[PDB]
Amino acid sequence: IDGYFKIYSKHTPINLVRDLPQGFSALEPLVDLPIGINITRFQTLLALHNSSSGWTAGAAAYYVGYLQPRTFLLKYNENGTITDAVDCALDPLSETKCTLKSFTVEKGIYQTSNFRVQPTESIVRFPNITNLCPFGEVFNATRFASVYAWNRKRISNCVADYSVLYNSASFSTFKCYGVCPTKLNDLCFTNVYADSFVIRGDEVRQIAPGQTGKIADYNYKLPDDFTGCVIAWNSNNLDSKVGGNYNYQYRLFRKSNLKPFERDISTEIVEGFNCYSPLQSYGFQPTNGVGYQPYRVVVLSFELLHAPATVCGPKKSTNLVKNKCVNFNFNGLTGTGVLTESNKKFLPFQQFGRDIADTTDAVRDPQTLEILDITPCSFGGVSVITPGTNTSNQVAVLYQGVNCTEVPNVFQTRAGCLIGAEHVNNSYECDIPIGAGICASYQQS
Amino acid sequence: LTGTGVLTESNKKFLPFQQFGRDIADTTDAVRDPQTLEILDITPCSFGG
Amino acid sequence: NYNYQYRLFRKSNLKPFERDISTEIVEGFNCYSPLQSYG
Amino acid sequence: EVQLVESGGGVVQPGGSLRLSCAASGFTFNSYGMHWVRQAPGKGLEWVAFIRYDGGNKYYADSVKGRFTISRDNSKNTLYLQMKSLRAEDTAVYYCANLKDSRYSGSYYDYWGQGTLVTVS
Amino acid sequence: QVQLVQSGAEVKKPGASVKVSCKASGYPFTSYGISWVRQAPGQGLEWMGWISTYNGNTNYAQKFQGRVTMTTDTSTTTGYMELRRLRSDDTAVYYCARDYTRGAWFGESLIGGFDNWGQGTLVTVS
Amino acid sequence: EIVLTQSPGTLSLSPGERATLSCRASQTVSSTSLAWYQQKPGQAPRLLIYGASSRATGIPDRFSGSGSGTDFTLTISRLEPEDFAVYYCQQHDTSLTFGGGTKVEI
Amino acid sequence: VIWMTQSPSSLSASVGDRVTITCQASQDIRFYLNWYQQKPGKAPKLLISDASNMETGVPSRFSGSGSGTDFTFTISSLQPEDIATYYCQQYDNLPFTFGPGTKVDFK
Amino acid sequence: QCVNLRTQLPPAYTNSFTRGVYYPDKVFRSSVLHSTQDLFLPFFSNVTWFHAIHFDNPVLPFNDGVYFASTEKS
Ligand SMILES: *[C@@H]1O[C@H](CO)[C@@H](O)[C@H](O)[C@H]1NC(C)=O
Ligand SMILES: *[C@@H]1O[C@H](CO)[C@@H](O)[C@H](O)[C@H]1NC(C)=O
Ligand SMILES: *[C@@H]1O[C@H](CO)[C@@H](O)[C@H](O)[C@H]1NC(C)=O
Ligand SMILES: *[C@@H]1O[C@H](CO)[C@@H](O)[C@H](O)[C@H]1NC(C)=O
Ligand SMILES: *[C@@H]1O[C@H](CO)[C@@H](O)[C@H](O)[C@H]1NC(C)=O
Ligand SMILES: *[C@@H]1O[C@H](CO)[C@@H](O)[C@H](O)[C@H]1NC(C)=O
Ligand SMILES: *[C@@H]1O[C@H](CO)[C@@H](O)[C@H](O)[C@H]1NC(C)=O
Ligand SMILES: *[C@@H]1O[C@H](CO)[C@@H](O)[C@H](O)[C@H]1NC(C)=O
Ligand SMILES: *[C@@H]1O[C@H](CO)[C@@H](O)[C@H](O)[C@H]1NC(C)=O
Ligand SMILES: *[C@@H]1O[C@H](CO)[C@@H](O)[C@H](O)[C@H]1NC(C)=O
């Protein structure tokens, strides 16, 4: 375990000649060594001697078994010694014993667990978009705009591989809000908006939700419910000039603060006492300190509307499986369930339906535009019907609310599928109640 | 292992590898003394309404 | 002091308290030495 | 002495399904993990899937992942491969094997079965 | 890798026209535009124009205004250029290249150049 | 349009020697809008440097360059037999133009 | 996924000739490489494991070597019975992969 | 030092019954029923029975841990 080689042992006399004893005992810790190595194979070492037959030995034999992850109920006696145990995965009776935390079970019916049908296949469906998103066209631009007059571009009808930006070492910051950047490739959006500008290093701190300052208030602001990523990098070698690259400016004065994604390029104040030009140039120079050097900033904002997505990450569309329990993903809409043809009369503008539980129960396929119904895979409770353990160890199992055809002495009742019980056409007083007029008893079977 | 309580000689038959005992309340009710290696029982000091 | 170096390339990320001192990549197009010295 | 016998091969259509099995004898099957490997006529070997001795974990190649399922029965010493949504490219001879592997299978020996041909048309 | 393939050499009379193709492979056709230049025997590079593979937008050197036109075919991932009203001075080798100097979507200048050049198409006018 | 002038016309150098090639624009050109090319006899030209700070794919590290204002430089730290070719400067700050070209020969 | 390649794709040689096969991994697989031999109509047979570990029963004329990404297989004295296609398998990481194989023919 | 030493013998199995249980930790408990999750030998499992001298001792997989037992006086 984690590099620790643990040994347990026990040594007792045995009355058997050539087998293992039927009974119970526990092994005690012998040694625990911090070895720190991987083990995949092993071999047993024996002592040999040189006889007339060559290298030989007296009779020797051993047994080898393997361990598996299991749950056990262990019983400690008064002296703190383990005297008994239950393997909770051995059979339905042992499961009942573990559930009831006892080695003895009384006559009756007990619910021990639940069953669920697992998905047999996975499918993925995305829009048939072939173009790639022009991110390089924005990031690798020769010039960026001033912050008081920030630019915006819309990205649509394309595939966006966000790992090209995320894993880039060219960026000093890559701060995402509302979304994890490593998961962007699994999402679809209606649109993505890219805003860009040049500011000082120290001003990059203002490019976020809930911020204030000369830039946050008068040049560029993000909303409190912003979802997107803020990307910035040093451009001192590009956007700086000797004498000051005063071509870049920012808004210094305004009568009121801006709203999110607002822009104001008015040049209204002549100058004089208490009268100043609203814009202030940047003294961007190659010899400036790190926080005073120019940085290029790009902000990617995500848009979600009830409409076919036009910006999706990398896609691997598959075929469509029906009438089976499957995993699915419709334009980012993941889940597990059975998909079938729908009888729901959707109107052309409707892409999916919803229940009162706030779940999707029907979708429009992004490629065929047909409507599919979504249902959960079969599940239900499992109960064990037993005589007391003082009578017998034979049990019957009831699968609640399910057909016997979906389960894999098999009787179908209104309570569910009953397996292990022998149905008879006689009638008696009710012993162990099952439901809907049906009871069971020990008559032996 | 800090705490408050009365310490007495234990009658618990600890095995050599066992340093302490635990109750169902997830509390220690016996320890092995680090110097004498004897087992001590731990009980709460008297209280009531 | 290029005597001090660090790992720059690997095909997968390390687990906690893991160490890897392999020097496998010759260099060429899309082929680089895994270690990078410090200036 | 040690035997691995593939069966269940046949001819099916695209979009259909087929279940293969491999009987094991002569060795402690329940102690070893197992691999499926397939080979088209005139082509090299393609690894398909691996399953642990206990039937716990399952591994698949990207070429079959999401379509094929590997399973086993340690009571009947039999290895299984359940293939759905079959394609023409799945035409190959499918082998069960106990591959010698110092890291994963833990086997010190290497055994291959006869192989069974599956055709999708 | 990324490659461009052009047409073979042709000989034309004065007043005629020549069309040169540029078949692209190894990259997404609509990610990068196709640029065109030519070189007269023993001379340097003369820019003719550039076409966006994404939206079909074109830009030309002033010298070739009204003389050179361009088009793209996305289904065959191929660019084309045509020079009309040929003269004896149009004897040159014509080249295409993958462009990273102008955006194909926004038309803005980018940090890049002409790469993945074709083999060149020789056109003679007599 | 902006005209690019290269200098010197031709360098005469032995194998193993260092070479420097200059280009001057008639107008100020941003470094982000400039590139360098190389051409061998009978062959199509190739991009060597774009942005004046970044080499093209497949280009050896012996190729470099820099510049500002109107004056830009292409350098080769050591000439190989394959470097004795014709080089061009290009800008796309205004329209798109190429220089007259410069040659390096033995 | 770790990709395996082999060189040459095929070769021919006479009896007594020395034959070598080269394998290369896209990733460092230490010495975790198996060498398999296959003839038409038959399942693959393992000759070497862990790069250079010769399997019991394999003739002394066979050997293997190499490490990291670069591995080799050698036959010191080719016999008429050694005409077969050899494959490299890496088992450092799941999923496991096989190389394209190298064919040895008769000259 | 090393000696250059033949045929593996057929496999055989026995019933593990309820053997292979051990103390999961070193904490003292008494007069109590405790549920635990760990690697154990499953009850009534099929255990492989080897005879070194009916001659070899084959290399076995370790898997997730091994239960070993040997009955002898020698
Ligand atoms: C030990 O096994 C782990 C997997 O559990 C693997 O990641 C690690 O590299 C192995 N150590 C060595 C030296 O192979
Ligand atoms: C065992 O016996 C063989 C044959 O007599 C002999 O060659 C070998 O040296 C002996 N080894 C020992 C330790 O006696
Ligand atoms: C505990 O051990 C004592 C002997 O020290 C013995 O008399 C007693 O019966 C044991 N109790 C149990 C439940 O085994
Ligand atoms: C997918 O292709 C079909 C035609 O085969 C077309 O009708 C459908 O609208 C396409 N899906 C999208 C999102 O464009
Ligand atoms: C910007 O250009 C460089 C090549 O100079 C390229 O490696 C990088 O991926 C481009 N960035 C984007 C977002 O395409
Ligand atoms: C359990 O069975 C025994 C007979 O084996 C009987 O004497 C005893 O009373 C039974 N216990 C209960 C609760 O019925
Ligand atoms: C499931 O059980 C119901 C009765 O509860 C029966 O009407 C129905 O036909 C059964 N379905 C199948 C497939 O047998
Ligand atoms: C009960 O009666 C039905 C006919 O209604 C018959 O099919 C069934 O086999 C009988 N079962 C028993 C145990 O007699
Ligand atoms: C042991 O015998 C094998 C042949 O079975 C031989 O190849 C090997 O070299 C021998 N080892 C020694 C130490 O003699
Ligand atoms: C033990 O192996 C036999 C086959 O020899 C099988 O029938 C039986 O079910 C197995 N028992 C267990 C618990 O695996």
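Order of listing sets the numbers, starting from 1, for every ligand and every atom in it. Order of the sequence lines fixes the chain letters, A, B, ..., with proteins taken first and strands second; residue numbering starts at 1 for each chain.
Taking the six-membered ring where the residue is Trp, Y62(A) and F50(H) present parallel rings, their angle staying beneath 30° rather than reaching 60°. Ring geometry for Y63(A) against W49(H) counts as parallel: the plane angle stays under 30°, on a 0 to 90° scale with 60° as the upper cut.
Using a 4.5 Å heavy-atom cutoff, the side chains of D91(A) and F43(H) are not in contact. By the 4.5 Å heavy-atom criterion applied to side chains, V66(H) and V64(A) are counted as neighbours.
Residue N46(H) has at least one heavy-atom neighbour below 4.0 Å for each of these atoms of ligand 10: 1 (C), 2 (O), 3 (C), 8 (C), 10 (C), 11 (N), 12 (C), 14 (O).
The only option from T14(H), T71(H), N15(H) that meets the side-chain hydrogen bond (donor to acceptor under 3.5 Å, both in side chains) definition with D19(A) turns out to be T14(H).
Between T405(A) and ligand 7, no pair of N/O atoms sits closer than 3.5 Å. Considering backbone and side-chain atoms together, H423(A) places no N or O closer than 3.5 Å to any N or O of ligand 8.
Of all the listed residues (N425(A), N426(A), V424(A)), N425(A) holds the heavy atom that lies closest to atom 11 (N) of ligand 8. For the residues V402(A), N403(A), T413(A), the heavy atom positioned nearest atom 1 (C) of ligand 7 is part of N403(A).
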